[PDB]
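Following: one structure in structure tokens, then a few remarks.
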Amino acid sequence: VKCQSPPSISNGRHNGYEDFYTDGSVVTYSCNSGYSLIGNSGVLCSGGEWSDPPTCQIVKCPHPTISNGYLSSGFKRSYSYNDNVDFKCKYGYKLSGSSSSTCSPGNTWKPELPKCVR
């Protein structure tokens, strides 16, 4: 059994640095310019059957907002499949949820934006 270079994927490509991978190998599937690679940073050919293929989609974001508990670390008008934003509770309040989130793939802010409560 062998594992030749992997096939294409969700509008994404595949190019590690070889043609045969046999087994226990992996391949970082490339994605179209402007597409986020969701999944493991590398496919996994184990047993002549590539498995666990990531996706090359779009991971823009809405905005890591929150109840008087915005963030003040790495925020931006737009994000992608990461861009972690630390939430800074306004004042005298506890961030109910997560004081540190990241724009994951799919357009959002995981974990659920924190909530500056009292």
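Residues in the structure tokens are numbered from 1 in each chain, the chains being A, B, ... in the order shown, and ligands are numbered from 1 in the order shown.
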
For residue A:101, work out the shell of residues within 9 Å, counting only C-alpha atoms and skipping chain neighbours fewer than 3 positions away, then give it as an mmCIF file with C-alpha atoms, in the first residue's frame.
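For reference, selection.cif as written:
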```cif
data_model
loop_
_atom_site.group_PDB
_atom_site.id
_atom_site.type_symbol
_atom_site.label_atom_id
_atom_site.label_comp_id
_atom_site.auth_asym_id
_atom_site.auth_seq_id
_atom_site.Cartn_x
_atom_site.Cartn_y
_atom_site.Cartn_z
ATOM 1 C CA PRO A 64 -15.437 40.348 18.997
ATOM 2 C CA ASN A 82 -7.789 33.094 14.448
ATOM 3 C CA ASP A 83 -6.823 36.656 15.468
ATOM 4 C CA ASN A 84 -7.195 36.036 19.215
ATOM 5 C CA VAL A 85 -8.780 39.011 21.030
ATOM 6 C CA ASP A 86 -8.301 39.392 24.806
ATOM 7 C CA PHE A 87 -11.408 40.849 26.458
ATOM 8 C CA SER A 98 -14.020 33.925 28.016
ATOM 9 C CA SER A 104 -12.398 30.926 14.256
ATOM 10 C CA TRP A 109 -15.635 34.596 17.949
ATOM 11 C CA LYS A 110 -14.844 31.367 19.835
ATOM 12 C CA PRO A 111 -15.165 30.702 22.523
ATOM 13 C CA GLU A 112 -18.430 32.652 22.914
ATOM 14 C CA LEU A 113 -17.489 36.301 23.588
ATOM 15 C CA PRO A 114 -17.125 37.017 27.289
#
```

Exercise: residue A:43 partners within 9 Å, only C-alpha atoms, chain neighbours under 6 positions left out, as a list in words: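 Close residues of residue A:43: residues 6, 25, 26, 27, 28, 29, 50, 51, 52, 53 and 54 of chain A.
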
Item to complete: Please return as a count of residues only: the residues of stretch 11-96 of chain A that backbone DSSP assigns to strand (DSSP E).
Response: 15

**OP:** Skip residue A:32 itself and residues of its chain fewer than 2 positions away, then list as a list in words all residues within 6 Å of it, counting only C-alpha atoms.
**Re:** residues 12, 34 and 35 of chain A

How about saving the chosen residues, N, CA and C atoms kept, as a short mmCIF file (atom, residue, chain, number, x, y, z; two decimals), in the first residue's frame?
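result.cif written:
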```cif
data_model
loop_
_atom_site.label_atom_id
_atom_site.label_comp_id
_atom_site.auth_asym_id
_atom_site.auth_seq_id
_atom_site.Cartn_x
_atom_site.Cartn_y
_atom_site.Cartn_z
N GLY A 12 -9.12 24.02 -2.67
CA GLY A 12 -7.75 24.15 -2.09
C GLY A 12 -6.80 23.17 -2.78
N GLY A 34 -7.02 33.80 -0.13
CA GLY A 34 -8.19 34.45 0.53
C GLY A 34 -9.07 33.39 1.19
N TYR A 35 -8.62 32.16 1.22
CA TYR A 35 -9.43 31.08 1.85
C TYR A 35 -8.71 30.55 3.10
#
```

Kindly indicate which residue among A:3, A:89, A:103, A:71 lies nearest to residue A:58, using only C-alpha atoms for the distances.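 Checking each of A:3, A:89, A:103, A:71 against residue A:58, counting only C-alpha atoms, the winner is A:103.
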
Q.
Nearest residue to residue A:68 out of A:31, A:37, A:117, A:56, using only C-alpha atoms?
A.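 Of A:31, A:37, A:117, A:56, the one nearest residue A:68 is A:117, counting only C-alpha atoms.
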